[PDB]
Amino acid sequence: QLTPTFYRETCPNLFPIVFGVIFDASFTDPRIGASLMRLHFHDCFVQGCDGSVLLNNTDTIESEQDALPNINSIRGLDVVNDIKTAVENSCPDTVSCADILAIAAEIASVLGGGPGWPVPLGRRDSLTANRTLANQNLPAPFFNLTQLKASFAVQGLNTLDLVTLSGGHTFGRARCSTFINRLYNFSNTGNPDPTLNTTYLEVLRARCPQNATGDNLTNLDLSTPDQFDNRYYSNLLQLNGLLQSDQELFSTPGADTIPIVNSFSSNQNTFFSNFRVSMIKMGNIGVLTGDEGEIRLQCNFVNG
């Protein structure tokens, strides 16, 4: 039974240590926060929030890091190991990698202006990984509302939960290819997605030609690119949602989620509160406790 003081005696100043690490790691990278959060997300949806995603390729394991949604996309496993190293120098093999990811996501929010909350801890690391599962569990951006809702149900999350965690896109980056299909030829129609702001449609065609020498980066939130706030929901009202799965929350005739987007864009505090709740719920998926699993000494390889 996960408890926020699971380390009260075991690792007294756990939080202070990891907080410091993530803070210095931002002196040169104002994106590591968003990167760390999304990392905790990709862990939970596959096999459970058990760090299974941080495992590298072995003669015995085929890393999830090579699945369609992970390859050439997720980042920051480096800053992740720096945390482990510093935590170990204080609490020799007592804190799990799994928990470290969960603590990073909360700290990231606080460090970006967003809300905070007491993180329940006590999970244990796994001994396996599942690449194929990864491909069939993480939602893709070209999914329609029906599809998105179903993917969250598999995890035990509802419609509110879906629209609430999408707020994570209030900061961070995304490569051209992930949304370019709605810039020139949507649905084989030869024309741009009719639900994308025309002004933005230009700025975007600028950053993402119809053929260049590679994938350029662009902010998920044109309003407040690095700050955690309800701007992401406001943007939807003016058709400025970057990804296809973002806009669909508001521009899907019929809706169900529309009143919720409206609700949030109005009262940021309201949005903030559902979040704290939703993040806790997600951090409880397929957890390993008590004597299950182990305490990894190095987050990239299993003990031995």
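Don't overthink the numbering: it's just position in the shown sequence, from 1.
Residue range whose averaged C-alpha B-factor is higher in the record, 133 to 141 or 220 to 228: Going by the record's values, the stretch with the higher mean is 220 to 228.
205 to 213 or 188 to 196, whichever carries the higher mean Cα B-factor: Mean CA B-factor is higher for 205 to 213.
Return the residue from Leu14, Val287, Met282, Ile22 that has the highest Cα B-factor in the entry. In this record, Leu14 carries the highest C-alpha B-factor of the candidates.
Hey, out of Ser63, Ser278, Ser35, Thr60, whose CA B-factor is highest in the deposited coordinates? Spelled out: the listed residue with the top C-alpha B-factor is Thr60.
Position of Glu106 among the chain's modelled residues by C-alpha B-factor, lowest, middle or highest third: Its C-alpha B-factor, which the entry lists for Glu106, ranks in the lowest third among residues of this chain.
Where the record places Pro253 (Cα B-factor, split into thirds across the chain): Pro253: CA B-factor falls in the highest third of its chain.
Among the modelled residues of its chain, does the C-alpha B-factor of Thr159 lie in the lowest, middle or highest third? According to the entry, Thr159 has a C-alpha B-factor in the chain's lowest third.
Position of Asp43 among the chain's modelled residues by C-alpha B-factor, lowest, middle or highest third: Its C-alpha B-factor, which the entry lists for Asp43, ranks in the lowest third among residues of this chain.
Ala174 - which third its CA temperature factor falls in, relative to the rest of the chain: Bottom third by C-alpha B-factor.
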